[PDB]
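To begin, one chain is listed below as C-alpha coordinates, in the form deposited in one PDB entry.
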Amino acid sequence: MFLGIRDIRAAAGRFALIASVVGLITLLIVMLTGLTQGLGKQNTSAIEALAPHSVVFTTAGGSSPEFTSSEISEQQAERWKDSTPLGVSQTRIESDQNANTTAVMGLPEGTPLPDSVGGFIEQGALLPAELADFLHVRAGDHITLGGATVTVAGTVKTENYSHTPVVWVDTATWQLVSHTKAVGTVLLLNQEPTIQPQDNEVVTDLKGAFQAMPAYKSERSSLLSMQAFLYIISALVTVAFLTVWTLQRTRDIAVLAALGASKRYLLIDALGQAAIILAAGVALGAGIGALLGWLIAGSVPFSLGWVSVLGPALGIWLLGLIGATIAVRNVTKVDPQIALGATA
(Lines give C-alpha, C1' and ligand atoms only; values in the text may rest on other atoms or scores of the structure.)
Protein backbone atom coordinates (compact mmCIF):
# COMPACT_ATOMS: atom_id res chain seq x y z
CA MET A 1 0.00 0.00 0.00
CA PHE A 2 2.57 2.51 -1.23
CA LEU A 3 -0.07 5.04 -2.28
CA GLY A 4 -2.70 4.25 0.32
CA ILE A 5 -0.42 5.03 3.23
CA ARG A 6 1.03 8.27 1.81
CA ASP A 7 -2.47 9.56 1.06
CA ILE A 8 -2.74 9.73 4.85
CA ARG A 9 0.31 11.89 5.53
CA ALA A 10 -0.63 14.02 2.51
CA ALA A 11 -3.99 14.88 4.01
CA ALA A 12 -4.18 14.16 7.75
CA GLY A 13 -7.08 16.54 8.25
CA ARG A 14 -9.31 14.69 5.76
CA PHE A 15 -8.61 11.40 7.50
CA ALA A 16 -9.16 12.71 11.01
CA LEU A 17 -12.59 13.85 9.79
CA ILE A 18 -13.34 10.36 8.52
CA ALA A 19 -12.09 8.64 11.68
CA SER A 20 -14.36 11.01 13.58
CA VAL A 21 -17.50 9.75 11.84
CA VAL A 22 -16.44 6.15 12.32
CA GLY A 23 -15.60 6.80 15.98
CA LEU A 24 -18.77 8.82 16.55
CA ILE A 25 -20.63 5.76 15.29
CA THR A 26 -18.78 3.32 17.56
CA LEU A 27 -19.58 5.79 20.35
CA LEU A 28 -23.33 5.86 19.65
CA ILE A 29 -23.34 2.05 19.74
CA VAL A 30 -21.18 1.58 22.85
CA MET A 31 -23.35 4.18 24.54
CA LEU A 32 -26.88 3.01 23.63
CA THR A 33 -25.87 -0.62 24.08
CA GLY A 34 -24.84 0.00 27.70
CA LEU A 35 -27.75 2.34 28.36
CA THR A 36 -30.04 -0.51 27.35
CA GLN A 37 -28.08 -3.21 29.08
CA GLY A 38 -28.87 -0.72 31.88
CA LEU A 39 -32.67 -0.79 31.80
CA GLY A 40 -32.32 -4.55 31.45
CA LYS A 41 -30.64 -4.92 34.86
CA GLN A 42 -33.60 -2.98 36.33
CA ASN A 43 -35.26 -6.41 36.51
CA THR A 44 -32.29 -8.76 36.88
CA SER A 45 -29.43 -7.18 38.84
CA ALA A 46 -30.50 -8.61 42.22
CA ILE A 47 -30.55 -12.26 41.27
CA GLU A 48 -27.54 -11.65 39.04
CA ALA A 49 -25.77 -10.17 42.07
CA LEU A 50 -26.57 -13.39 43.96
CA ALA A 51 -24.66 -15.41 41.28
CA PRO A 52 -26.35 -18.82 41.34
CA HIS A 53 -25.19 -21.48 38.90
CA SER A 54 -28.51 -23.33 38.80
CA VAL A 55 -31.76 -22.22 40.46
CA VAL A 56 -34.46 -24.84 41.13
CA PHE A 57 -38.07 -23.64 40.62
CA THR A 58 -41.44 -25.39 41.16
CA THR A 59 -44.34 -25.96 38.78
CA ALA A 60 -47.07 -28.57 38.94
CA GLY A 61 -48.42 -28.27 35.40
CA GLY A 62 -44.98 -29.02 33.97
CA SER A 63 -45.18 -25.44 32.70
CA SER A 64 -42.63 -22.65 32.33
CA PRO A 65 -41.37 -21.84 35.86
CA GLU A 66 -42.49 -18.40 37.07
CA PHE A 67 -41.22 -16.36 40.01
CA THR A 68 -44.85 -15.39 40.82
CA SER A 69 -46.13 -18.96 41.10
CA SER A 70 -43.49 -21.10 42.73
CA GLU A 71 -42.59 -21.95 46.28
CA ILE A 72 -40.21 -24.19 48.19
CA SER A 73 -41.63 -26.26 51.04
CA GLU A 74 -39.43 -26.63 54.09
CA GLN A 75 -38.90 -30.28 53.18
CA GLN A 76 -38.06 -29.51 49.55
CA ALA A 77 -35.18 -27.52 51.11
CA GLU A 78 -33.41 -30.76 52.16
CA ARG A 79 -33.79 -32.86 48.99
CA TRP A 80 -31.30 -30.27 47.69
CA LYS A 81 -28.09 -29.96 49.72
CA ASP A 82 -25.59 -27.17 49.06
CA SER A 83 -28.67 -25.05 48.28
CA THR A 84 -30.02 -21.86 49.78
CA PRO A 85 -33.72 -20.87 49.69
CA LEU A 86 -34.55 -17.44 48.29
CA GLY A 87 -37.90 -15.72 48.79
CA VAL A 88 -38.99 -13.17 46.16
CA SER A 89 -42.09 -11.08 46.78
CA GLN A 90 -43.41 -7.69 45.69
CA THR A 91 -45.28 -5.90 48.46
CA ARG A 92 -46.25 -2.51 49.75
CA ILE A 93 -43.86 -0.88 52.18
CA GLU A 94 -45.17 1.89 54.38
CA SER A 95 -43.49 4.30 56.73
CA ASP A 96 -45.14 7.00 58.77
CA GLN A 97 -44.40 9.61 56.12
CA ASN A 98 -44.71 7.73 52.81
CA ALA A 99 -45.29 4.43 51.05
CA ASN A 100 -44.41 2.49 47.94
CA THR A 101 -44.35 -0.96 46.44
CA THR A 102 -41.03 -2.72 46.50
CA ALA A 103 -39.42 -6.10 46.03
CA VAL A 104 -38.68 -8.17 49.14
CA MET A 105 -36.15 -11.00 48.95
CA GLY A 106 -35.70 -13.43 51.81
CA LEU A 107 -32.61 -15.40 52.68
CA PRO A 108 -31.75 -17.43 55.78
CA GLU A 109 -30.24 -15.42 58.59
CA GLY A 110 -26.52 -14.68 58.33
CA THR A 111 -26.37 -15.35 54.58
CA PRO A 112 -23.60 -13.03 53.37
CA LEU A 113 -24.99 -10.76 50.76
CA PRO A 114 -23.51 -9.88 47.39
CA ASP A 115 -20.79 -7.29 47.74
CA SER A 116 -22.93 -5.52 45.16
CA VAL A 117 -25.28 -5.04 48.15
CA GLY A 118 -22.94 -5.55 51.11
CA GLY A 119 -23.35 -7.04 54.56
CA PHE A 120 -25.20 -10.04 55.93
CA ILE A 121 -28.87 -11.00 56.19
CA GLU A 122 -29.80 -9.75 59.66
CA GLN A 123 -33.15 -10.30 61.39
CA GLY A 124 -35.67 -7.77 60.19
CA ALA A 125 -35.33 -5.55 57.12
CA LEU A 126 -32.32 -4.13 55.24
CA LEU A 127 -33.44 -1.21 53.14
CA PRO A 128 -31.81 0.36 50.08
CA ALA A 129 -30.58 3.73 51.33
CA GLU A 130 -32.52 5.44 48.54
CA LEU A 131 -35.65 3.65 49.79
CA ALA A 132 -34.92 4.59 53.40
CA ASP A 133 -34.52 8.23 52.37
CA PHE A 134 -37.77 8.15 50.39
CA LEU A 135 -39.65 6.71 53.38
CA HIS A 136 -37.69 8.98 55.75
CA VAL A 137 -36.61 6.06 57.97
CA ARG A 138 -33.30 5.01 59.53
CA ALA A 139 -31.96 1.82 61.07
CA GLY A 140 -34.07 1.16 64.17
CA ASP A 141 -37.38 2.59 62.95
CA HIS A 142 -40.53 0.60 62.21
CA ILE A 143 -42.11 0.07 58.81
CA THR A 144 -45.14 -1.82 57.70
CA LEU A 145 -44.12 -4.34 55.04
CA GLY A 146 -46.98 -6.35 53.65
CA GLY A 147 -49.08 -5.23 56.61
CA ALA A 148 -46.63 -6.67 59.14
CA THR A 149 -44.56 -4.40 61.38
CA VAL A 150 -40.87 -4.96 60.66
CA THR A 151 -37.75 -3.31 62.10
CA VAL A 152 -35.25 -1.59 59.84
CA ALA A 153 -32.14 -3.54 60.76
CA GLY A 154 -30.00 -1.28 58.55
CA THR A 155 -29.46 0.10 55.08
CA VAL A 156 -27.60 -1.35 52.13
CA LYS A 157 -26.96 -0.68 48.44
CA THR A 158 -29.46 -1.14 45.61
CA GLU A 159 -29.88 -4.16 43.40
CA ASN A 160 -33.21 -4.63 41.68
CA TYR A 161 -36.11 -6.93 40.92
CA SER A 162 -38.97 -5.98 38.59
CA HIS A 163 -38.15 -2.28 38.51
CA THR A 164 -37.78 -1.66 42.25
CA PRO A 165 -34.90 -1.86 44.75
CA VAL A 166 -34.81 -5.01 46.82
CA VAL A 167 -35.37 -4.99 50.61
CA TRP A 168 -33.38 -7.84 52.17
CA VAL A 169 -35.09 -9.73 55.01
CA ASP A 170 -34.62 -13.05 56.82
CA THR A 171 -36.67 -16.13 55.90
CA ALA A 172 -39.01 -15.82 58.87
CA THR A 173 -39.70 -12.16 58.13
CA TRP A 174 -40.22 -12.89 54.43
CA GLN A 175 -42.62 -15.66 55.46
CA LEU A 176 -44.51 -13.13 57.58
CA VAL A 177 -44.56 -10.44 54.93
CA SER A 178 -45.60 -12.70 52.06
CA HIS A 179 -48.16 -14.66 54.13
CA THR A 180 -46.83 -18.15 53.43
CA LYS A 181 -45.53 -21.34 55.05
CA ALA A 182 -42.96 -21.62 52.26
CA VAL A 183 -39.30 -21.07 53.09
CA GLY A 184 -38.66 -19.38 49.73
CA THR A 185 -39.67 -19.05 46.08
CA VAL A 186 -36.73 -20.87 44.47
CA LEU A 187 -33.49 -22.50 45.56
CA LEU A 188 -30.04 -21.11 44.82
CA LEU A 189 -27.36 -23.61 43.75
CA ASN A 190 -23.75 -22.43 43.70
CA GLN A 191 -22.14 -25.58 42.30
CA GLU A 192 -23.84 -27.93 39.83
CA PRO A 193 -26.89 -30.10 40.55
CA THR A 194 -25.75 -33.49 41.90
CA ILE A 195 -29.31 -34.80 41.89
CA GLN A 196 -32.36 -34.82 39.65
CA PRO A 197 -35.75 -33.08 39.84
CA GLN A 198 -39.20 -34.52 40.53
CA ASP A 199 -42.12 -34.33 38.11
CA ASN A 200 -43.01 -30.93 39.60
CA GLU A 201 -39.48 -29.45 39.86
CA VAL A 202 -37.27 -27.85 37.21
CA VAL A 203 -33.71 -26.45 37.29
CA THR A 204 -32.79 -23.42 35.21
CA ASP A 205 -29.48 -21.85 34.34
CA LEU A 206 -29.36 -18.29 35.59
CA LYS A 207 -30.04 -17.24 32.01
CA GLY A 208 -33.31 -19.18 32.04
CA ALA A 209 -34.36 -17.89 35.46
CA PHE A 210 -34.86 -14.48 33.84
CA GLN A 211 -37.54 -16.15 31.72
CA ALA A 212 -39.43 -16.75 34.99
CA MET A 213 -39.63 -13.01 35.81
CA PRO A 214 -42.87 -11.55 34.42
CA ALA A 215 -41.51 -8.04 33.79
CA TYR A 216 -38.35 -9.29 32.05
CA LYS A 217 -40.26 -11.01 29.24
CA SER A 218 -42.81 -8.28 28.59
CA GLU A 219 -39.81 -5.93 28.00
CA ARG A 220 -37.02 -8.11 26.55
CA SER A 221 -38.98 -7.57 23.37
CA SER A 222 -38.64 -3.77 23.52
CA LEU A 223 -34.91 -3.90 24.33
CA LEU A 224 -33.92 -6.40 21.62
CA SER A 225 -35.88 -4.21 19.20
CA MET A 226 -33.54 -1.32 20.02
CA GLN A 227 -30.45 -3.55 20.12
CA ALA A 228 -31.44 -4.68 16.58
CA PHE A 229 -32.42 -1.50 14.71
CA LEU A 230 -29.23 -0.05 16.20
CA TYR A 231 -26.98 -2.69 14.67
CA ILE A 232 -28.93 -2.91 11.39
CA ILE A 233 -29.18 0.82 10.58
CA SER A 234 -25.60 1.19 11.84
CA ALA A 235 -23.91 -1.53 9.77
CA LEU A 236 -25.75 -0.27 6.69
CA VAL A 237 -24.80 3.35 7.39
CA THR A 238 -21.19 2.22 7.81
CA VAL A 239 -21.01 0.03 4.70
CA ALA A 240 -22.56 2.91 2.76
CA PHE A 241 -20.21 5.49 4.24
CA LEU A 242 -16.92 3.68 3.63
CA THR A 243 -18.20 3.17 0.08
CA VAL A 244 -18.67 6.85 -0.67
CA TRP A 245 -15.29 7.45 1.01
CA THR A 246 -13.23 4.90 -0.91
CA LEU A 247 -15.04 6.21 -4.01
CA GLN A 248 -13.06 9.47 -3.79
CA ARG A 249 -10.15 7.23 -4.75
CA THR A 250 -11.56 6.23 -8.14
CA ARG A 251 -9.30 8.52 -10.16
CA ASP A 252 -6.03 7.53 -8.48
CA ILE A 253 -7.20 3.93 -8.59
CA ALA A 254 -7.97 4.26 -12.30
CA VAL A 255 -4.52 5.68 -13.06
CA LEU A 256 -2.95 2.85 -11.06
CA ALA A 257 -5.06 0.30 -12.94
CA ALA A 258 -4.00 1.68 -16.33
CA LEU A 259 -0.33 1.48 -15.34
CA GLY A 260 -0.97 -2.22 -14.65
CA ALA A 261 -2.01 -2.51 -10.99
CA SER A 262 -3.68 -5.87 -10.32
CA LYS A 263 -7.06 -5.88 -8.58
CA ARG A 264 -5.58 -7.69 -5.58
CA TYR A 265 -2.97 -4.94 -5.42
CA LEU A 266 -5.63 -2.23 -5.48
CA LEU A 267 -7.85 -4.07 -3.00
CA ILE A 268 -4.89 -4.55 -0.64
CA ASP A 269 -4.09 -0.84 -0.93
CA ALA A 270 -7.66 0.29 -0.31
CA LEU A 271 -8.21 -2.17 2.56
CA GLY A 272 -4.86 -1.47 4.21
CA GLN A 273 -5.70 2.23 4.16
CA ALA A 274 -9.24 1.82 5.51
CA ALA A 275 -7.91 -0.66 8.06
CA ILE A 276 -5.77 2.12 9.52
CA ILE A 277 -8.43 4.81 9.52
CA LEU A 278 -11.12 2.44 10.76
CA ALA A 279 -8.91 1.02 13.52
CA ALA A 280 -8.14 4.54 14.70
CA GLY A 281 -11.82 5.48 14.73
CA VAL A 282 -13.23 2.44 16.56
CA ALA A 283 -10.37 2.46 19.05
CA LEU A 284 -11.09 6.12 19.69
CA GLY A 285 -14.88 5.72 19.83
CA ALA A 286 -14.74 2.63 22.05
CA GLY A 287 -12.36 4.47 24.34
CA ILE A 288 -14.48 7.57 24.82
CA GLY A 289 -17.39 5.20 25.33
CA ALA A 290 -16.00 3.17 28.22
CA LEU A 291 -14.60 6.27 29.93
CA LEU A 292 -17.55 8.57 29.27
CA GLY A 293 -19.69 5.55 30.21
CA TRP A 294 -17.95 4.50 33.44
CA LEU A 295 -18.11 8.22 34.26
CA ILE A 296 -21.92 8.22 34.08
CA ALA A 297 -22.99 5.06 35.98
CA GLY A 298 -25.18 7.07 38.38
CA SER A 299 -27.14 9.15 38.05
CA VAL A 300 -27.86 6.65 35.23
CA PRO A 301 -27.90 2.85 34.89
CA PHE A 302 -25.21 1.68 32.48
CA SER A 303 -23.98 -1.91 32.25
CA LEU A 304 -21.01 -2.46 29.92
CA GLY A 305 -18.70 -5.46 29.54
CA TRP A 306 -15.86 -6.28 27.22
CA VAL A 307 -17.76 -8.20 24.59
CA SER A 308 -19.79 -4.97 24.79
CA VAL A 309 -17.12 -2.56 23.50
CA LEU A 310 -14.53 -4.67 21.76
CA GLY A 311 -17.63 -6.38 20.37
CA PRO A 312 -18.99 -3.57 18.20
CA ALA A 313 -15.56 -2.07 17.41
CA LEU A 314 -14.53 -5.31 15.72
CA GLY A 315 -17.89 -5.07 13.98
CA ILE A 316 -17.45 -1.63 12.44
CA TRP A 317 -13.85 -2.35 11.48
CA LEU A 318 -15.11 -5.50 9.78
CA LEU A 319 -18.03 -3.72 8.08
CA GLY A 320 -15.97 -0.69 7.03
CA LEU A 321 -13.50 -2.97 5.26
CA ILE A 322 -16.47 -4.31 3.32
CA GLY A 323 -17.70 -0.89 2.20
CA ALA A 324 -14.24 -0.11 0.87
CA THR A 325 -14.29 -3.46 -0.95
CA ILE A 326 -17.58 -2.50 -2.59
CA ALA A 327 -15.96 0.68 -3.93
CA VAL A 328 -12.72 -0.82 -5.25
CA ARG A 329 -14.51 -3.75 -6.85
CA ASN A 330 -16.68 -1.13 -8.55
CA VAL A 331 -13.79 0.78 -10.16
CA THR A 332 -11.61 -2.25 -10.93
CA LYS A 333 -14.57 -3.96 -12.58
CA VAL A 334 -14.37 -1.82 -15.73
CA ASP A 335 -11.89 -1.29 -18.53
CA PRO A 336 -9.39 1.30 -17.27
CA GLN A 337 -10.15 3.56 -20.23
CA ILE A 338 -13.73 4.14 -19.02
CA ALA A 339 -12.63 4.84 -15.41
CA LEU A 340 -10.28 7.52 -16.74
CA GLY A 341 -13.55 9.06 -17.93
CA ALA A 342 -14.15 9.86 -14.27
CA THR A 343 -10.77 11.62 -14.28
CA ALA A 344 -11.32 15.14 -15.63
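Note that the rigid core is defined as the largest set of C-alphas that superpose within 1.5 Å between two forms. Counting begins at 1, following the sequence as shown.
The form deposited in another entry exists for this protein as well; it is not shown, and the discussion that follows is about that form.
Exercise. Which residue moves between this form and the one not shown, judged by a Cα shift of 2 Å or more on the rigid core: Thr44, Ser54, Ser70, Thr36?
Worked result: The displaced C-alpha is that of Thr36.
Exercise. After the core is overlaid between this form and the one not shown, has the C-alpha of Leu247 moved by 2 angstroms or more?
Worked result: Yes, the C-alpha moves 2 Å or more.
For this session: Note yes or no: does the Cα of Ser234 move by 2 Å or more between this form and the one not shown after the core is superposed?
Result: It does, since the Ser234 C-alpha is displaced 2 Å or more between this form and the one not shown after the core fit.
Exercise. After fitting the rigid core, is the C-alpha of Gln273 off by 2 Å or more between this form and the one not shown?
Worked result: Passes the 2 Å threshold, so yes.
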